[PDB]
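> Here is my input; please provide its structure:
(7 chains, ligands or ions: 3)
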Amino acid sequence: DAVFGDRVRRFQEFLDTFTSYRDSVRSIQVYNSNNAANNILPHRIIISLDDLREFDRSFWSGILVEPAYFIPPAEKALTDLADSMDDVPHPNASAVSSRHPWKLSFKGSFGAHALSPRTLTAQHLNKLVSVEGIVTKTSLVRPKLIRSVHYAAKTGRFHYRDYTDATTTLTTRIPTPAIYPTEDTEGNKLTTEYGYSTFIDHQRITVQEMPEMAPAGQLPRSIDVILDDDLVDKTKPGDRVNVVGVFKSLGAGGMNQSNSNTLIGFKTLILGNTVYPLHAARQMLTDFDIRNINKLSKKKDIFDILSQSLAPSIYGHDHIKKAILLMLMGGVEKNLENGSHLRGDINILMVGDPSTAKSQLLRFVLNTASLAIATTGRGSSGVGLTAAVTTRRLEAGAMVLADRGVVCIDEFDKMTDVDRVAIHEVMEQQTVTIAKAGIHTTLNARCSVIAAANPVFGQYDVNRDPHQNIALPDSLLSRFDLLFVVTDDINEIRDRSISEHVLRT
Amino acid sequence: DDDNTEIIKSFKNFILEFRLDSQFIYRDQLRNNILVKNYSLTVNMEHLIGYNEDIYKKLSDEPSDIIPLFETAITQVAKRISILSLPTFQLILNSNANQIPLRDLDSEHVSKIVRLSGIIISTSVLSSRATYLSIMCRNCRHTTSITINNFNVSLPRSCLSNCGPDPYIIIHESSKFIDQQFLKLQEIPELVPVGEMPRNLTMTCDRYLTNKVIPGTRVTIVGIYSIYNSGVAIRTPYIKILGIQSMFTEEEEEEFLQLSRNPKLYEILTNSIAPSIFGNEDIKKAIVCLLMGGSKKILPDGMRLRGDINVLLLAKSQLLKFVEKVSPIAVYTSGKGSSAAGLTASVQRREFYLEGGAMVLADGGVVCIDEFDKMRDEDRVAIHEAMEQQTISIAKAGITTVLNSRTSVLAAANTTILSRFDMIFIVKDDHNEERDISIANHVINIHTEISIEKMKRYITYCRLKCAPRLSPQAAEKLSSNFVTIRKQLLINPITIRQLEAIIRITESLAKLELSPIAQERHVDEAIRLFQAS
Amino acid sequence: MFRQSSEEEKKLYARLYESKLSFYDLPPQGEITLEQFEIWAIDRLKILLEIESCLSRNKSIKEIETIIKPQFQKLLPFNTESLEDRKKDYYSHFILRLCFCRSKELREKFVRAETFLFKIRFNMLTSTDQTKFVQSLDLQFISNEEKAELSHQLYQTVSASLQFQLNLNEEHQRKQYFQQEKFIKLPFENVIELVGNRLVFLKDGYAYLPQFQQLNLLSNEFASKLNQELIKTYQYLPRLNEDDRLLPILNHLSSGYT
Amino acid sequence: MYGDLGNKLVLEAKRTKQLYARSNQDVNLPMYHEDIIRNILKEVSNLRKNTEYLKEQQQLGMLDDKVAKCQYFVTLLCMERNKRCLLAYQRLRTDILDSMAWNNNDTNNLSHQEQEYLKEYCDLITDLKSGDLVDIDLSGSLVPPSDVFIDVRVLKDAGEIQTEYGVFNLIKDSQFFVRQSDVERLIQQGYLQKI
Amino acid sequence: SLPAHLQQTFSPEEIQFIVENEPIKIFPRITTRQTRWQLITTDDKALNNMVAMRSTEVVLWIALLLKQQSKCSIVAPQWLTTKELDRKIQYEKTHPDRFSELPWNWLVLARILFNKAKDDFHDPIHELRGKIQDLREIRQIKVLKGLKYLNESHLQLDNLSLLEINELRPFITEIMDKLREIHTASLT
Amino acid sequence: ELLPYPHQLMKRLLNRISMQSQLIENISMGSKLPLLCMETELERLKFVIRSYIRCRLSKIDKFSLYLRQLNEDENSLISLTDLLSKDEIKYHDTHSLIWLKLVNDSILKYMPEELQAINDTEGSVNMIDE
Amino acid sequence: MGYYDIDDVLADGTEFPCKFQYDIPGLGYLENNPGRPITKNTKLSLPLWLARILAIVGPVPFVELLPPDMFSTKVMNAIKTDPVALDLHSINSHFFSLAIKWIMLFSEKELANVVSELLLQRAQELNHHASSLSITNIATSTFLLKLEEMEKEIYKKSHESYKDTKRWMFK
Ligand SMILES: Nc1ncnc2c1ncn2[C@@H]1O[C@H](COP(=O)(O)OP(=O)(O)NP(=O)(O)O)[C@@H](O)[C@H]1O
Ligand SMILES: [Mg+2]
Ligand SMILES: [Zn+2]
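Numbering: from 1, shown residues only, chains lettered A, B, ... in the order given. Ligands and ions are numbered 1, 2, ... in the order given. And now the structure:
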């Protein structure tokens, strides 16, 4: 028992020595205290595991090899630091007994304990580990009881009690029956005070090894992770993610009497301590970026510089490059006071001869837009391109997924008439609506469309009408802001210039 | 009580004393294992029998009871030869006793050491078993511990420090565990009685024997044959395993380098391809280029330049089989495909799902199609993306995904689809009676230049070592030729998508010589071979 | 097996603060400034004034520790490697000797406040530092046979104290601790405050004291030696009177206690 | 840049060293890289032409104090690093040839200067082996003598042969019991095995 | 010129050659005392003046040369007995850092005499072969502890045998040299 | 380093080897066992000298330019003939000329006059090993 | 560090980042354009045998050396947490040669203390795998893929030494 106190003292020395963590405590506290008088930041701090190594190796290896005996006292010391710093007086009834300490998180240099779901092994149980993979399933969020408060009717005394379960604590304790006490030790009838009691959020997820690493077409392997309080709902299926936490076992493993002859193993989990995403889009500007951006904007011809810097490996087609740049910037979306909506996003279509860089230029947008989805015109159905029913649940299509982004459609001329007419709403009302057996709902789809097609006769025929060359209805062509026609006109100097260009490339 | 100590003493004296000639083979093995942090020992039955037959008799009568005693004896020796802490060591066995066919195991064999063989057909994921385990007593809050071992247990009920009827719980925070895995063994295919499907068994292994085999491999097994609970007075059988049996050198690349400097290497490789087929020189040349390929490139603005080659053939059945044999990776199919996925991919149904055909499955290698005209309707349109983009993309029934299709296609048949290929040629025949007689004589013989493996390894080496670049002279030559053909056609089409194909052929020709630069010598043969027509 | 094989002032203060506390045992050497003399004395004086104020307000050790500990980082640092902090602490104590040796009331007030500060700082130590500090001061444990013979009486004496001071509510835990605990034998007059509270076992004029207690002996030795040193300091105040530039500072320092 | 060819040439030195070290019996040092060496020497000649042109511009007065000094100095370093690569490569192949000369005392892979070098070094070895100190066979065995008499079995039909101790008739798969000091050379030549 | 594996070290053959020059005690079965031996790297009187069953001292290589035939018998060294080896093992266990004071050629001489002279021992040979192994194992533990003190300056060793040193030579010297290079580079 | 040659010892040893060889021949031409001892002793003696001289020649290969520079220094505290035997002197001198001719014609013929020296100390890397 | 040593010849050709302190005519071929000058505060990647001189010869010398990525802070923390697990072969093929050259160039004290510990801690497992002789391949082969070119020579000359001794004894 006495060792717990010394570990609290030693972590207090660390917190006094490395002062950048005090500023973090204090800044969170003053921010929360400001807006409370009118969002709120979590009571959580991330420590560099390297600082702790350079401060005390004996505490560093203790955190990293015996977390059940070192993480709790360290976390206790952090709470004492935050509690001794000044705080707002006269707290309310719920604030007085919140049962809410501060919590830790870690970064840097895990060494041998940086793992993947395939290689996590029984040797690593009760160690602090870091794993990487893809989220495949997520449970619903549920509340969990940890403390309850009771008012005794006759005596006027407020009583309370605490609860525990195997996933709530790093150390192990006798489980609690989840019963509410109805009667006092002295026979007084009790009442339960909701709002003074404390409940916390809980969510389970599953993480699987990345398909790029799967051997020999073998079955892939996966782990379940437990999240709570602030960590809930920060992920969704398909996310690539890196998780930090303690690897632990559970239950009786069939040694409590069972038919299995104990061949079955014990259950295991990772208790989520920290979660980080992986980039596999967004960037964050530094001060120097703001300066450079503002200075560059005062050149005489910024539009030419920027437009010519799009796809420099493609010769010619200046105007299409300028149009793509204006599409990536976009207009301004208007919502009037009576609820009426006016469109902001620009749609572009280009039709032309074979080999004239249509698909190659269309491919560039997919690798410079922040959110982009790509599809071929014949590989997609009307419902798959907008939305479909399943089980009732309604499932989104490609135009619904790229909401505030761009969608690229290649081989647009091969799309059937039955598929094209599903798009007429999405390019003006920017919504999708379904009315099918057991469902009625509206969905948002605000994207910009860019697409490429082949003319009717296989090459553009100037000796026939544009409507004869472009077999699409007038109501659809009207929805594209800019329609570009492009051709491979044979000429000596043009051929020479292009061929020399691709050879230099 | 004393028997447990005499047996341990006996196996301890076995390890410390068994010499064959002048080396204490088990002392040396046990020391050499610890230095690489391997905690196990591989004993051989014949040596145990030679040392003292009585010990083997005890082991043969009661293996479930005696194997743990020998394991703890190993631990007691391991400390003396390395300390002036260690886990319990795993014992592993080798044997030459008569194999039992899997179909003959029965009630006479329960709790006996058995040796058998078969094919592994399935493998479980790993799971955790306890060895050292700690206990908390709920009432008095006293604590104790237990040591499990995995041979054929439950939590005790003798409370300590009344203390209650069932007061014990586990402290997982201070306990030790090991790995365990399950496998399935199927009887040998050449043993099964006619008209019956093969019989199979289930089996278990732990610690160093885990994660040692994969599905489809033939294996030999030594293990205890026993039963477990899962009619009247009836139980399921299984096996506890105790043992299992199942880039270039310098001298290699020196040969490949000697080939690379041969002045007639191009002729040699062409001659080595389907040598029974008469004539068809340019077909063989084109297959060499298809096997060697161009060079992949990536630009600062992120655009990506293709490396593969594509060829079409209009006798012809033999060449695709030859290409399948010589290529480092290969897939063979007929135009209808192996499933409703067809060549490319499709959506099927109950929830919907997606599966890929023989374009996705050949990713990274070569694929050859035996009748391209028998391609299905969906594949006719989908192959455009598969060839131009090296991808297949689908957005149907709520599925929204993109698939990789990075491959070189060889195809044959007997229209606008010819535009997808880099080269097209028509197969030619000759009717010499001696050729047919020679083939017939060889057929009777079975009924009564460079070799394939060396050529395949050479192709692999060249693909790994070299990716050559155009010299400036080649650039002037190619551009002048390009504008010349377009001008000639204008006064009487060629397009950039074909210039970029001639470049890939040129690079593939320079690749045979391992020359880091391509030269006019290669450009000339490239345009000479471009006469598909 | 294989095998291989003024500065003095700075070393003195490194030696004096290796234990993290000192009885302030030795004559300082070298020089500091007069501004430093005044400021360092005032800083220690402020801490001791607050200690005496809290004691006059009858606040407990925990409350005083909560009040005084934030002041060390500003006025008089502790648990520090800095030579400047160590010299500041040492010199400020020595200065206030010369301020507070002047009269019995001043000596008593200074001894009380400084001994309580000593207690506070000793509580801040780890047990290893406490052991090393006690061992450095050259400060009789009973035999195991004597402990066994007196085990019933010693356990009856300390069992309540183990429960209330060390939170050992379980009798099993108290028995295990008692089995591991050492005891000290000395004349009862040396620990009379514990005698009056019946916290120690008495036999034949000797008091039997467990090792987890007895800090009052350490602080009483500190207080007694400080009182004797102050009496000595008083006897050679006529030598202090040779530098006039110090007397106004010392008069100012003492005025806040009169 | 001017060091790329050298960085490529030295990799062949590292390669031939590892190939040689792997198998002491299989020594056949590979083809001399005449073309790469010729390209390196042509590069040096280009740099010499540039320095000479720069000296002409210096005599013309074209900012020669700073400009000619820095450009000349930088060019000098590029020449020195090429000299180092060429000497390293040639020195390695020389060490291999010296090793073979001691045992031997075929030619197509050696350059002609190397072809005469080997002959010169053989003359030197036989000069040392002759004259004074002749009593000890400097090209003989370096393994200490273990036994006087051994049993040797007859591996190749060389027929009847003469040796300083006497005459032998090497009937295929016959066995001799004979003193080692006699048959040491025949074991090295490969007609015999020790069994 | 010289082979690559002999640039810095002695092979075990050379170690055997070095050990073979030591003297050893023998009982001859013939009298030579009244041709003569006329050696040039040793004494010649002892071999010329032998008398049957009279103990005498000669170099080890000649002793093994005689013992190849009936004419001689070799007396084992006194340290090569069960009592002494028991005491040395006890010394090894008692002092967990010092090496026991065995002669510098103990491994080589034991593995020569067990092959050439298995018949001339008094103790049962199957026990000596065990105790030699016990000594080598304990010494290997002590060596593995010592390789954590490789440093920039020096090391001291005591009673470590010639063959044991020669086994370790290319590792100790190389790692020590690189630590020296790293340290002196910071001084310069 | 290359240690100094034992001039006197080698003279006496080689003379003794010659005399012992002639004695063995005379006794052979005139019990078997003494002859066996004499023959194998002479083998054991010759092996050591052979190994020793081969090692010294190998050291001379590696430090040829260093030994030449040590000899060219007029202020050197030791002369090259003090350190080496007469046969070693011959080997060092002629081997240096053979190696020099090979690189001089092949490489250095093409270099400018500032870089034609083979034993250059002043360059960006020292060409002399020691 | 001999003249004719192949590994030293090959290690000096690794490139380091550099920045110029003067504009100079005609030396644009360093920037792969022979027809142009170099200009002040331009940044280039140059081989060490050249950068080692242009950083010294004058006053202000022509080039300044920027801190390279193979001596970054992340690598130092990786070294200090677990030296035995570390994949130095992927970091740089010739790490312990370039480390000594850089130490000589800037006379670093703390880097020497880090590198000495790294070498001493990796030598232990290297000796373990050297001592372990068959009477296994996977267990040894996983660690021996993380050795430098410098460490491989020590491993080879140790393994051969143990093996020759073992062969002679049991013979
Ligand atoms: N400046 C250019 N102009 C035209 N084509 C170019 C140019 N630069 C490269 N190309 C190549 O032109 C080829 C065909 O480009 P691509 O974008 O697929 O044409 P496309 O308009 O999609 N033709 P299609 O697929 O038949 O509709 C590619 O291999 C490009 O690399
Ligand atoms: Mg296209
Ligand atoms: Zn109990």
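> ok, and the closest non-adjacent residue to whichever residue of chain F sits closest to chain A?
Chain A sits closest to residue F:110 of chain F, with a gap of 35.1 Å, by C-beta to the nearest C-beta. In this view, the C-beta of every residue, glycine as well, is placed from N, C-alpha and C. The shortest distance from residue F:110 to any residue that is not its chain neighbour, by C-beta to C-beta, 6 or more residues apart in numbering or on different chains, is 5.0 Å, and that residue is residue D:41.
> rewinding a little: next, count neighbours for the residue of chain F closest to chain A.
Using other C-beta atoms under 10 Å in any protein chain shown, the number of residues around residue F:110 comes to 17.
> Please go through chain A and pick out the longest helix.
In chain A, with assignment by DSSP state H, the single longest helix is helix A:67-84.
> Got the phi and psi for the residue of chain D most remote from its centre?
For chain D, the C-alpha lying farthest from the average C-alpha position belongs to residue D:61; by C-alpha atoms, centre = their mean, that distance is 49.9 Å. Dihedral angles phi and psi of residue D:61 (degrees, to the nearest 10) take the values phi 90, psi 20.
> List the buried residues of the longest strand along chain E.
Taking DSSP state E as the assignment, the strand of chain E that covers the most residues is strand E:23-28. If you call a residue buried by 16 or more other C-beta atoms under 10 Å in any protein chain shown, then strand E:23-28 has these buried ones: E:24, E:26, E:28.
> what's the burial count for the closest residue to chain E within the stretch 251-400 of chain B?
At 19.4 Å from chain E, residue B:251 is the closest residue in the stretch 251-400 of chain B, using C-beta to the nearest C-beta. Taking other C-beta under 10 Å as the neighbour definition, residue B:251 ends up with a count of 11.
> again with residue B:11
Residue B:11 has 24 neighbours, counted by other C-beta under 10 Å.
> ditto for the one 5 residues further on
Residue neighbour count, defined by other C-beta under 10 Å, stands at 16 for residue B:16.
> And for residue E:63?
That count, for residue E:63 with other C-beta under 10 Å as the rule, works out to 23.
> for chain B, what are the nearby residues on chain D?
Neighbours of chain B within chain D, by C-beta under 8 Å from any C-beta of the partner chain: D:15, D:18, D:19, D:22, D:23, D:26, D:30, D:31.
> Need the nearest residue in space to the third one, chain neighbours excluded.
Just to be clear, that refers to residue D:19. Using C-beta to C-beta, 6+ apart and skipping residues adjacent in sequence, the residue nearest residue D:19 is residue B:250, 4.4 Å away.
> now do the fourth one
Sequence neighbours aside, residue B:250 is the residue nearest to residue D:22 in space, at 6.3 Å (criterion: C-beta to C-beta, 6+ apart).
> wait, the one you found sits on residue D:20?
No: proximity of residue B:250 to residue D:20 does not meet the contact threshold set by C-beta atoms under 8 Å, at 9.4 Å.
> Neighbour count: these two, which is higher?
It is residue D:20, of residue B:250 and residue D:20, that has more neighbours when counted by other C-beta under 10 Å, with 21 against 15.
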